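**Q** Okay, so here is data_11.cif, and as you'll see once you scroll down, it has mmCIF, C-alpha atoms.
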```cif
data_target
loop_
_atom_site.group_PDB
_atom_site.id
_atom_site.type_symbol
_atom_site.label_atom_id
_atom_site.label_comp_id
_atom_site.auth_asym_id
_atom_site.auth_seq_id
_atom_site.Cartn_x
_atom_site.Cartn_y
_atom_site.Cartn_z
ATOM 1 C CA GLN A 1 -134.821 145.243 -7.729
ATOM 2 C CA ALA A 2 -136.877 148.334 -8.586
ATOM 3 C CA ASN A 3 -138.133 146.855 -11.873
ATOM 4 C CA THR A 4 -139.060 143.583 -10.180
ATOM 5 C CA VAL A 5 -140.957 145.488 -7.477
ATOM 6 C CA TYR A 6 -142.857 147.240 -10.266
ATOM 7 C CA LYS A 7 -143.536 143.848 -11.860
ATOM 8 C CA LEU A 8 -144.893 142.552 -8.548
ATOM 9 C CA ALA A 9 -147.209 145.566 -8.412
ATOM 10 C CA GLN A 10 -148.265 144.957 -12.032
ATOM 11 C CA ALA A 11 -149.014 141.242 -11.567
ATOM 12 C CA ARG A 12 -151.833 142.187 -9.175
ATOM 13 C CA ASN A 13 -153.839 143.458 -12.186
ATOM 14 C CA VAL B 1 -61.513 178.135 18.089
ATOM 15 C CA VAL B 2 -60.551 176.414 14.830
ATOM 16 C CA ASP B 3 -57.980 179.065 13.858
ATOM 17 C CA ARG B 4 -54.936 180.988 15.084
ATOM 18 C CA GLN B 5 -54.000 184.647 14.778
ATOM 19 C CA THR B 6 -51.697 187.257 16.262
ATOM 20 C CA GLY B 7 -51.702 190.899 15.242
ATOM 21 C CA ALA B 8 -50.182 194.214 16.289
ATOM 22 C CA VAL B 9 -48.643 197.371 14.870
ATOM 23 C CA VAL B 10 -45.679 196.523 17.093
ATOM 24 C CA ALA B 11 -45.826 192.962 18.420
ATOM 25 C CA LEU B 12 -47.829 192.965 21.653
ATOM 26 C CA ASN B 13 -47.079 190.184 24.142
ATOM 27 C CA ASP B 14 -49.845 189.820 26.731
ATOM 28 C CA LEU B 15 -48.227 188.732 29.996
ATOM 29 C CA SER B 16 -51.545 187.217 31.150
ATOM 30 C CA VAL B 17 -51.536 184.489 28.479
ATOM 31 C CA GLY B 18 -49.177 182.323 30.514
ATOM 32 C CA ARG B 19 -47.349 179.175 29.534
ATOM 33 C CA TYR B 20 -48.346 177.414 26.326
ATOM 34 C CA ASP B 21 -49.517 173.802 26.018
ATOM 35 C CA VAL B 22 -46.663 172.686 23.751
ATOM 36 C CA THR B 23 -43.836 170.299 24.616
ATOM 37 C CA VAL B 24 -40.269 170.570 23.330
ATOM 38 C CA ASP B 25 -38.804 167.482 21.650
ATOM 39 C CA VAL B 26 -36.268 166.489 18.977
ATOM 40 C CA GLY B 27 -36.888 164.699 15.708
ATOM 41 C CA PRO B 28 -35.802 164.298 12.091
ATOM 42 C CA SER B 29 -34.695 167.355 10.134
ATOM 43 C CA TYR B 30 -36.896 168.104 7.117
ATOM 44 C CA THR B 31 -36.402 170.784 4.480
ATOM 45 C CA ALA B 32 -40.104 171.171 3.653
ATOM 46 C CA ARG B 33 -43.417 170.306 5.282
ATOM 47 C CA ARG B 34 -44.243 168.014 2.354
ATOM 48 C CA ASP B 35 -41.272 165.797 3.210
ATOM 49 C CA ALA B 36 -42.437 165.538 6.829
ATOM 50 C CA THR B 37 -45.993 164.692 5.778
ATOM 51 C CA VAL B 38 -44.800 162.060 3.300
ATOM 52 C CA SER B 39 -42.446 160.489 5.847
ATOM 53 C CA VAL B 40 -45.098 160.273 8.571
ATOM 54 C CA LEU B 41 -47.730 158.886 6.199
ATOM 55 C CA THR B 42 -45.316 156.315 4.753
ATOM 56 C CA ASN B 43 -44.393 155.249 8.286
ATOM 57 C CA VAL B 44 -48.116 154.840 8.999
ATOM 58 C CA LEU B 45 -48.417 152.752 5.833
ATOM 59 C CA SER B 46 -46.541 149.447 5.334
ATOM 60 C CA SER B 47 -47.495 148.508 8.922
ATOM 61 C CA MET B 48 -51.066 147.558 7.960
ATOM 62 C CA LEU B 49 -52.460 144.484 6.256
ATOM 63 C CA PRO B 50 -52.835 144.955 2.476
ATOM 64 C CA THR B 51 -56.599 144.330 2.739
ATOM 65 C CA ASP B 52 -57.244 147.265 5.085
ATOM 66 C CA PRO B 53 -59.912 149.769 3.960
ATOM 67 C CA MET B 54 -58.024 152.979 4.779
ATOM 68 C CA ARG B 55 -54.966 151.988 2.727
ATOM 69 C CA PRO B 56 -56.346 153.590 -0.490
ATOM 70 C CA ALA B 57 -57.009 156.804 1.448
ATOM 71 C CA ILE B 58 -53.470 156.822 2.848
ATOM 72 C CA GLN B 59 -52.068 156.183 -0.632
ATOM 73 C CA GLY B 60 -54.123 158.998 -2.143
ATOM 74 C CA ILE B 61 -53.039 161.469 0.528
ATOM 75 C CA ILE B 62 -49.410 160.398 0.046
ATOM 76 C CA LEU B 63 -49.457 160.903 -3.722
ATOM 77 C CA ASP B 64 -51.303 164.212 -3.302
ATOM 78 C CA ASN B 65 -48.335 165.819 -1.500
ATOM 79 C CA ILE B 66 -45.718 164.652 -4.028
ATOM 80 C CA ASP B 67 -43.963 167.551 -5.762
ATOM 81 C CA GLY B 68 -42.422 167.056 -9.182
ATOM 82 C CA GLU B 69 -42.077 168.372 -12.706
ATOM 83 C CA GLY B 70 -44.822 167.702 -15.233
ATOM 84 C CA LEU B 71 -47.133 166.003 -12.718
ATOM 85 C CA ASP B 72 -49.870 168.658 -12.833
ATOM 86 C CA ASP B 73 -52.403 166.526 -14.721
ATOM 87 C CA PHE B 74 -51.843 163.512 -12.466
ATOM 88 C CA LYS B 75 -52.172 165.713 -9.383
ATOM 89 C CA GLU B 76 -55.419 167.167 -10.737
ATOM 90 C CA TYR B 77 -56.805 163.690 -11.465
ATOM 91 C CA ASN B 78 -55.825 162.441 -8.004
ATOM 92 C CA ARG B 79 -57.395 165.500 -6.373
ATOM 93 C CA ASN B 80 -60.599 164.950 -8.358
ATOM 94 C CA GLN B 81 -60.758 161.310 -7.263
ATOM 95 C CA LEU B 82 -60.102 162.428 -3.679
ATOM 96 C CA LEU B 83 -62.991 164.906 -3.846
ATOM 97 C CA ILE B 84 -65.246 162.155 -5.210
ATOM 98 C CA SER B 85 -64.525 160.134 -2.043
ATOM 99 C CA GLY B 86 -65.465 163.012 0.279
ATOM 100 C CA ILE B 87 -62.059 163.410 1.927
ATOM 101 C CA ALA B 88 -60.392 166.586 0.623
ATOM 102 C CA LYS B 89 -62.781 169.248 2.013
ATOM 103 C CA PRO B 90 -62.647 171.823 -0.850
ATOM 104 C CA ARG B 91 -60.804 175.020 0.100
ATOM 105 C CA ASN B 92 -63.816 177.141 -0.872
ATOM 106 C CA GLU B 93 -62.842 178.539 -4.281
ATOM 107 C CA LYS B 94 -64.630 176.686 -7.128
ATOM 108 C CA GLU B 95 -64.976 172.973 -6.298
ATOM 109 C CA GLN B 96 -67.300 173.434 -3.312
ATOM 110 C CA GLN B 97 -70.140 174.604 -5.589
ATOM 111 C CA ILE B 98 -69.375 172.914 -8.935
ATOM 112 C CA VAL B 99 -67.733 169.589 -8.088
ATOM 113 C CA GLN B 100 -69.953 169.110 -5.028
ATOM 114 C CA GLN B 101 -73.098 169.849 -7.052
ATOM 115 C CA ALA B 102 -71.858 167.564 -9.832
ATOM 116 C CA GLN B 103 -71.143 164.581 -7.598
ATOM 117 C CA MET B 104 -74.280 164.934 -5.476
ATOM 118 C CA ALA B 105 -76.371 165.094 -8.658
ATOM 119 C CA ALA B 106 -74.417 162.142 -10.098
ATOM 120 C CA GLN B 107 -75.188 160.171 -6.928
ATOM 121 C CA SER B 108 -78.878 161.130 -6.959
ATOM 122 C CA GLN B 109 -79.475 160.426 -10.669
ATOM 123 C CA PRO B 110 -78.431 156.719 -10.840
ATOM 124 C CA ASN B 111 -80.568 155.901 -7.807
ATOM 125 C CA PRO B 112 -83.367 154.472 -10.012
ATOM 126 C CA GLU B 113 -80.705 152.538 -11.932
ATOM 127 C CA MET B 114 -79.155 150.981 -8.829
ATOM 128 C CA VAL B 115 -82.541 150.159 -7.314
ATOM 129 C CA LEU B 116 -83.576 148.647 -10.665
ATOM 130 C CA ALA B 117 -80.400 146.544 -10.741
ATOM 131 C CA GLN B 118 -82.213 144.193 -8.322
ATOM 132 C CA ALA B 119 -85.720 145.715 -8.148
ATOM 133 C CA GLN B 120 -87.384 142.856 -10.062
ATOM 134 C CA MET B 121 -89.578 142.398 -6.971
ATOM 135 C CA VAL B 122 -91.110 145.857 -7.527
ATOM 136 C CA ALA B 123 -93.470 144.543 -10.208
ATOM 137 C CA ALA B 124 -94.626 141.745 -7.902
ATOM 138 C CA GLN B 125 -95.095 144.050 -4.910
ATOM 139 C CA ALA B 126 -97.039 146.576 -6.999
ATOM 140 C CA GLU B 127 -99.285 143.847 -8.407
ATOM 141 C CA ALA B 128 -99.936 142.442 -4.927
ATOM 142 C CA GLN B 129 -100.507 145.896 -3.422
ATOM 143 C CA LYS B 130 -103.064 146.945 -6.018
ATOM 144 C CA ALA B 131 -104.677 143.514 -5.764
ATOM 145 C CA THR B 132 -105.007 144.332 -2.052
ATOM 146 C CA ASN B 133 -107.401 147.112 -3.130
ATOM 147 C CA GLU B 134 -109.041 145.480 -6.175
ATOM 148 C CA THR B 135 -109.706 141.827 -5.345
ATOM 149 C CA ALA B 136 -112.230 142.980 -2.718
ATOM 150 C CA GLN B 137 -114.410 143.395 -5.805
ATOM 151 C CA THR B 138 -115.134 139.698 -5.234
ATOM 152 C CA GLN B 139 -116.560 140.539 -1.801
ATOM 153 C CA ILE B 140 -118.512 143.450 -3.288
ATOM 154 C CA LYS B 141 -119.931 141.134 -5.963
ATOM 155 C CA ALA B 142 -120.852 138.607 -3.270
ATOM 156 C CA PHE B 143 -122.707 141.299 -1.314
ATOM 157 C CA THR B 144 -124.551 142.446 -4.445
ATOM 158 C CA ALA B 145 -125.435 138.827 -5.236
ATOM 159 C CA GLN B 146 -126.744 138.365 -1.685
ATOM 160 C CA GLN B 147 -128.970 141.422 -2.086
ATOM 161 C CA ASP B 148 -130.151 140.071 -5.441
ATOM 162 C CA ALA B 149 -130.813 136.702 -3.781
ATOM 163 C CA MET B 150 -133.026 138.231 -1.091
ATOM 164 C CA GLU B 151 -134.753 140.301 -3.784
ATOM 165 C CA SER B 152 -135.406 137.135 -5.802
ATOM 166 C CA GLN B 153 -136.646 135.425 -2.636
ATOM 167 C CA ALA B 154 -139.225 138.190 -2.191
ATOM 168 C CA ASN B 155 -140.038 138.082 -5.921
ATOM 169 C CA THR B 156 -140.726 134.362 -5.975
ATOM 170 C CA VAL B 157 -142.602 134.490 -2.656
ATOM 171 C CA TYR B 158 -144.938 137.030 -4.253
ATOM 172 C CA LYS B 159 -145.097 134.774 -7.318
ATOM 173 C CA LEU B 160 -146.199 131.865 -5.117
ATOM 174 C CA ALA B 161 -148.790 134.083 -3.426
ATOM 175 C CA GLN B 162 -150.216 135.276 -6.753
ATOM 176 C CA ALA B 163 -150.115 131.815 -8.357
ATOM 177 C CA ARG B 164 -153.052 130.692 -6.194
ATOM 178 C CA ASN B 165 -155.138 133.196 -8.208
ATOM 179 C CA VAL C 1 -67.995 159.464 40.170
ATOM 180 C CA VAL C 2 -66.952 160.208 36.584
ATOM 181 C CA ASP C 3 -65.069 163.434 37.320
ATOM 182 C CA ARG C 4 -61.824 164.102 39.193
ATOM 183 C CA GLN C 5 -61.822 167.658 40.539
ATOM 184 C CA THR C 6 -60.851 169.500 43.715
ATOM 185 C CA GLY C 7 -61.367 173.137 44.628
ATOM 186 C CA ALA C 8 -59.432 175.399 46.986
ATOM 187 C CA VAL C 9 -58.367 179.032 47.120
ATOM 188 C CA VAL C 10 -55.374 177.784 49.112
ATOM 189 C CA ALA C 11 -54.859 174.028 48.799
ATOM 190 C CA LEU C 12 -57.072 172.149 51.264
ATOM 191 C CA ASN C 13 -55.648 168.836 52.496
ATOM 192 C CA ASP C 14 -58.435 166.823 54.133
ATOM 193 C CA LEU C 15 -56.714 164.576 56.674
ATOM 194 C CA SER C 16 -59.753 162.256 56.803
ATOM 195 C CA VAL C 17 -59.407 161.045 53.197
ATOM 196 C CA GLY C 18 -56.691 158.534 54.049
ATOM 197 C CA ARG C 19 -54.324 156.564 51.870
ATOM 198 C CA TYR C 20 -55.074 156.403 48.153
ATOM 199 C CA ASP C 21 -55.807 153.215 46.201
ATOM 200 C CA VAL C 22 -52.900 153.444 43.737
ATOM 201 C CA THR C 23 -49.596 151.573 43.662
ATOM 202 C CA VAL C 24 -46.241 153.096 42.749
ATOM 203 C CA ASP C 25 -44.508 151.262 39.897
ATOM 204 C CA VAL C 26 -41.988 151.999 37.138
ATOM 205 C CA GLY C 27 -42.321 151.984 33.375
ATOM 206 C CA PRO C 28 -41.052 153.456 30.112
ATOM 207 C CA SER C 29 -40.520 157.209 29.977
ATOM 208 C CA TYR C 30 -42.708 159.143 27.537
ATOM 209 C CA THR C 31 -42.565 162.816 26.602
ATOM 210 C CA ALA C 32 -46.286 163.134 25.815
ATOM 211 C CA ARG C 33 -49.436 161.164 26.578
ATOM 212 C CA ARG C 34 -49.937 160.501 22.858
ATOM 213 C CA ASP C 35 -46.665 158.562 22.780
ATOM 214 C CA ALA C 36 -47.784 156.399 25.709
ATOM 215 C CA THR C 37 -51.196 155.712 24.166
ATOM 216 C CA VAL C 38 -49.692 154.859 20.772
ATOM 217 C CA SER C 39 -47.089 152.572 22.351
ATOM 218 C CA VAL C 40 -49.732 150.737 24.384
ATOM 219 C CA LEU C 41 -52.004 150.300 21.361
ATOM 220 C CA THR C 42 -49.142 149.064 19.170
ATOM 221 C CA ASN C 43 -48.101 146.597 21.878
ATOM 222 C CA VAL C 44 -51.714 145.399 21.975
ATOM 223 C CA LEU C 45 -51.517 144.942 18.202
ATOM 224 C CA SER C 46 -49.274 142.273 16.636
ATOM 225 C CA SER C 47 -50.720 139.907 19.281
ATOM 226 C CA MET C 48 -54.056 139.027 17.647
ATOM 227 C CA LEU C 49 -54.954 137.390 14.359
ATOM 228 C CA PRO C 50 -55.317 139.592 11.256
ATOM 229 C CA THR C 51 -58.977 138.529 10.988
ATOM 230 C CA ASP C 52 -60.081 139.716 14.438
ATOM 231 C CA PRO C 53 -62.979 142.214 14.384
ATOM 232 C CA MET C 54 -61.422 144.778 16.731
ATOM 233 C CA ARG C 55 -58.378 145.482 14.551
ATOM 234 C CA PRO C 56 -60.012 148.239 12.410
ATOM 235 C CA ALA C 57 -61.342 149.941 15.547
ATOM 236 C CA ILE C 58 -57.909 149.832 17.178
ATOM 237 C CA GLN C 59 -56.384 151.201 13.969
ATOM 238 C CA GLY C 60 -58.847 154.089 14.030
ATOM 239 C CA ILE C 61 -57.983 154.787 17.665
ATOM 240 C CA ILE C 62 -54.261 154.795 16.832
ATOM 241 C CA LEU C 63 -54.625 157.110 13.837
ATOM 242 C CA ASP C 64 -56.746 159.434 15.975
ATOM 243 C CA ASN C 65 -53.878 160.032 18.430
ATOM 244 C CA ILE C 66 -51.072 160.495 15.882
ATOM 245 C CA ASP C 67 -49.871 164.075 15.411
ATOM 246 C CA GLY C 68 -48.057 165.851 12.606
ATOM 247 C CA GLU C 69 -48.044 168.769 10.208
ATOM 248 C CA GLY C 70 -50.620 169.011 7.439
ATOM 249 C CA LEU C 71 -52.834 166.164 8.679
ATOM 250 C CA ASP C 72 -56.014 168.164 9.338
ATOM 251 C CA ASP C 73 -58.105 166.656 6.528
ATOM 252 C CA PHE C 74 -56.972 163.084 7.196
ATOM 253 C CA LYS C 75 -57.578 163.457 10.933
ATOM 254 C CA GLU C 76 -61.034 164.910 10.264
ATOM 255 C CA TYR C 77 -61.918 161.990 7.983
ATOM 256 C CA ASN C 78 -60.608 159.435 10.487
ATOM 257 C CA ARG C 79 -62.525 161.073 13.338
ATOM 258 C CA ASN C 80 -65.679 161.137 11.204
ATOM 259 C CA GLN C 81 -65.358 157.423 10.447
ATOM 260 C CA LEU C 82 -64.713 156.727 14.135
ATOM 261 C CA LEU C 83 -67.793 158.755 15.134
ATOM 262 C CA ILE C 84 -70.027 156.955 12.623
ATOM 263 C CA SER C 85 -69.214 153.517 14.088
ATOM 264 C CA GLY C 86 -70.305 154.750 17.528
ATOM 265 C CA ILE C 87 -66.865 154.786 19.153
ATOM 266 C CA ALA C 88 -65.704 158.419 19.368
ATOM 267 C CA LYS C 89 -68.440 159.660 21.756
ATOM 268 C CA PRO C 90 -69.146 163.164 20.328
ATOM 269 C CA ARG C 91 -68.073 165.821 22.839
ATOM 270 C CA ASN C 92 -71.450 167.580 22.769
ATOM 271 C CA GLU C 93 -70.522 170.697 20.815
ATOM 272 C CA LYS C 94 -71.809 170.086 17.269
ATOM 273 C CA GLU C 95 -71.187 166.490 16.086
ATOM 274 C CA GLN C 96 -73.871 164.829 18.234
ATOM 275 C CA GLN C 97 -76.560 166.796 16.365
ATOM 276 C CA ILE C 98 -74.944 167.051 12.897
ATOM 277 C CA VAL C 99 -72.972 163.920 11.997
ATOM 278 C CA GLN C 100 -74.776 161.669 14.477
ATOM 279 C CA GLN C 101 -78.070 163.085 13.197
ATOM 280 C CA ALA C 102 -76.960 162.356 9.633
ATOM 281 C CA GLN C 103 -76.044 158.802 10.660
ATOM 282 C CA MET C 104 -79.380 158.119 12.359
ATOM 283 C CA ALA C 105 -81.198 159.603 9.355
ATOM 284 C CA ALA C 106 -79.183 157.398 6.979
ATOM 285 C CA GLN C 107 -79.944 154.416 9.216
ATOM 286 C CA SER C 108 -83.698 155.055 9.164
ATOM 287 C CA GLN C 109 -83.723 155.816 5.420
ATOM 288 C CA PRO C 110 -82.410 152.548 3.874
ATOM 289 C CA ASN C 111 -84.491 150.068 5.890
ATOM 290 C CA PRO C 112 -87.021 149.986 3.000
ATOM 291 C CA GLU C 113 -84.092 149.679 0.574
ATOM 292 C CA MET C 114 -82.611 146.711 2.438
ATOM 293 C CA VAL C 115 -85.960 144.962 2.839
ATOM 294 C CA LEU C 116 -86.579 145.578 -0.884
ATOM 295 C CA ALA C 117 -83.189 144.027 -1.675
ATOM 296 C CA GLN C 118 -84.609 140.600 -0.709
ATOM 297 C CA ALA C 119 -88.343 141.248 -0.277
ATOM 298 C CA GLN C 120 -89.812 139.284 -3.193
ATOM 299 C CA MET C 121 -91.653 137.418 -0.421
ATOM 300 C CA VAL C 122 -93.553 140.617 0.451
ATOM 301 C CA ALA C 123 -95.827 140.371 -2.592
ATOM 302 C CA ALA C 124 -96.706 136.761 -1.765
ATOM 303 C CA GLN C 125 -97.232 137.666 1.908
ATOM 304 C CA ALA C 126 -99.348 140.691 0.864
ATOM 305 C CA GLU C 127 -101.293 138.202 -1.340
ATOM 306 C CA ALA C 128 -101.992 136.130 1.798
ATOM 307 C CA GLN C 129 -103.921 139.138 3.150
ATOM 308 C CA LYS C 130 -105.839 139.395 -0.175
ATOM 309 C CA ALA C 131 -106.817 135.679 -0.106
ATOM 310 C CA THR C 132 -108.325 136.380 3.341
ATOM 311 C CA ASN C 133 -110.795 138.500 1.341
ATOM 312 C CA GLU C 134 -110.622 136.294 -1.833
ATOM 313 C CA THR C 135 -110.830 132.676 -0.511
ATOM 314 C CA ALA C 136 -113.637 133.413 2.008
ATOM 315 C CA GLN C 137 -115.699 134.485 -1.033
ATOM 316 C CA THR C 138 -116.357 130.756 -1.717
ATOM 317 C CA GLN C 139 -117.525 130.326 1.940
ATOM 318 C CA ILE C 140 -119.702 133.512 1.653
ATOM 319 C CA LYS C 141 -121.106 131.963 -1.543
ATOM 320 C CA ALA C 142 -121.615 128.677 0.375
ATOM 321 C CA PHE C 143 -124.016 130.260 2.947
ATOM 322 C CA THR C 144 -125.801 132.423 0.318
ATOM 323 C CA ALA C 145 -126.116 129.384 -2.021
ATOM 324 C CA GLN C 146 -127.846 127.464 0.817
ATOM 325 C CA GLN C 147 -130.662 130.073 0.683
ATOM 326 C CA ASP C 148 -130.784 129.875 -3.151
ATOM 327 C CA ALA C 149 -131.572 126.184 -2.625
ATOM 328 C CA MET C 150 -134.029 126.194 0.282
ATOM 329 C CA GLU C 151 -135.924 129.086 -1.326
ATOM 330 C CA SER C 152 -136.220 127.181 -4.614
#
```
Here is the file; what I need is its structure written in the form of structure tokens.
**A**
Amino acid sequence: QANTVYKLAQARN
Amino acid sequence: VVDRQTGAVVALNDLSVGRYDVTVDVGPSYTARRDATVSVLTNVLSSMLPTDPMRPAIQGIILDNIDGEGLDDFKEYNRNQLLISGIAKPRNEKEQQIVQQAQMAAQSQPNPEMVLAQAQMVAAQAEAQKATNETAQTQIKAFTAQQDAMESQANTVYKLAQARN
Amino acid sequence: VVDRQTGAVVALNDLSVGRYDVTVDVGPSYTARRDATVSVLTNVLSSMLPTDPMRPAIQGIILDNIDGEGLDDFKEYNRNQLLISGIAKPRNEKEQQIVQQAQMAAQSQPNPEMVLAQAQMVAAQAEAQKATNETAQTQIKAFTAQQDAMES
């Protein structure tokens, strides 16, 4: 869950 | 109250005691108390059905009072078997602390053996009881999977939002 | 109502009591009350089948009342057995809290032993509780799976 939240933040670029 | 005594330098008779609670009667003439005990116990026996439960106790008490030559070992064996059955009430010399300890320990020690003689259900009950605490791991896994499902719902909702670019 | 007793410094005869409720009859002559009790119990015996349930209790009652020399241990054992079966009615000096206490303790103790003697069903019945957690897991999955389909 934490890693996927980080990935969501990252996909914003 | 469980004993009798009388004592005096010269026998003292207290006139305030009064009449006793004993009744005079006639009966058979016996040379020794053992003969009287044997006769009364034999009269008690032979009037009961052979399948009665107290017949072995009566027989043991009868053979315990028999007096004869060269019967010491048999009398000792019979007395030991009478102590094992909890009937003889040791006269507080050596068998109240050694034989009593021995038989209580010998009744406590084979307790696992006699429970194991039919305790085959113990394995099943232990398995079921610990399953009663483990198998809830299925519910825990379901809860974790539900949390992962909502997390993936949020993940893919964000993915749909970002996919519009 | 359970006790016969009268008290008087010099015997009081209450003239208002009236005639008693007893009848004068005749019977066998006995030297002591133990003889009468033993005779009555023996006459009661020999008149029922050997397989009747009350015969051991009557035998215990008879052997309680018999007297002799050197019978202390046997009488103690017989009285103990009679007390254990709830017939002797301990006379509230020490047995009601020693031997009766031992009997109630040894009645409470082996209930698990006796249920264990035939309780192979207990594991299966305990399992029924576990399936309440285990089987519903498929239903819990059924609702959660519905989301994993509408979301997709």
**Q** Starting from the shown file, work through the PyMOL selection byres ((chain B) within 6 of (chain C)) and note down what comes out as a list in words.
**A**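 Taken over the shown coordinates, the PyMOL selection byres ((chain B) within 6 of (chain C)) returns residues 121, 124, 125, 128 and 132 of chain B.
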**Q** Specify as an mmCIF file with C-alpha atoms, in the coordinates of the input all residues of chain B found within 8 Å of chain A, counting only C-alpha atoms.
**A**
```
data_model
loop_
_atom_site.group_PDB
_atom_site.id
_atom_site.type_symbol
_atom_site.label_atom_id
_atom_site.label_comp_id
_atom_site.auth_asym_id
_atom_site.auth_seq_id
_atom_site.Cartn_x
_atom_site.Cartn_y
_atom_site.Cartn_z
ATOM 1 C CA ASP B 148 -130.151 140.071 -5.441
ATOM 2 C CA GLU B 151 -134.753 140.301 -3.784
ATOM 3 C CA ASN B 155 -140.038 138.082 -5.921
ATOM 4 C CA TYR B 158 -144.938 137.030 -4.253
ATOM 5 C CA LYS B 159 -145.097 134.774 -7.318
ATOM 6 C CA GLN B 162 -150.216 135.276 -6.753
#
```
**Q** Determine the residue membership of the PyMOL selection byres ((chain B and resi 86) around 12) for the file above and supply it as an MDAnalysis selection string.
**A** (chainID B and resid 57 79:85 87:90 95:96 99:100 103:104) or (chainID C and resid 73:74 76:78 80:81)
**Q** Expressed in Å to a single decimal, how great is the separation between CA of residue 48 (chain B) and CA of residue 60 (chain B)?
**A**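 Separation between CA of residue 48 (chain B) and CA of residue 60 (chain B): 15.6 Å.
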**Q** If I take CA of residue 117 (chain B) and CA of residue 134 (chain B), how far is one from the other in Å, to one decimal?
**A**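 So the two atoms, CA of residue 117 (chain B) and CA of residue 134 (chain B), lie 29.0 Å apart.
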**Q** Taking the file as shown, what set of residues would the PyMOL selection byres ((chain C and resi 99-108) around 9) give back, as a ChimeraX atom specification?
**A** /C:80,83-84,86,90,94-98,109-112
**Q** Could you jot down the CA of residue 48 (chain C) to CA of residue 65 (chain C) separation for me, Å, one decimal place?
**A** 21.0 Å
**Q** Provide an axis-aligned box for all listed atoms of region 25-40 of chain B, padding each side by 4 Å; report its centre and its edge lengths in Å to one decimal, as AutoDock Vina command-line options.
**A**
```
--center_x -40.3 --center_y 165.7 --center_z 12.0 --size_x 19.3 --size_y 18.9 --size_z 27.3
```
**Q** If we count all atoms listed in the file, what is near residue 43 (chain B) at a cut-off of 12 Å, once residues fewer than 6 positions away on the same chain are taken out, given as number ranges by chain?
**A** B: 36-37, 58-59, 62; C: 63, 66
**Q** Point out the residue among B:107, B:146, B:47, B:65 with the least atom-to-atom distance to residue 142 (chain C), counting all atoms listed in the file.
**A** B:146
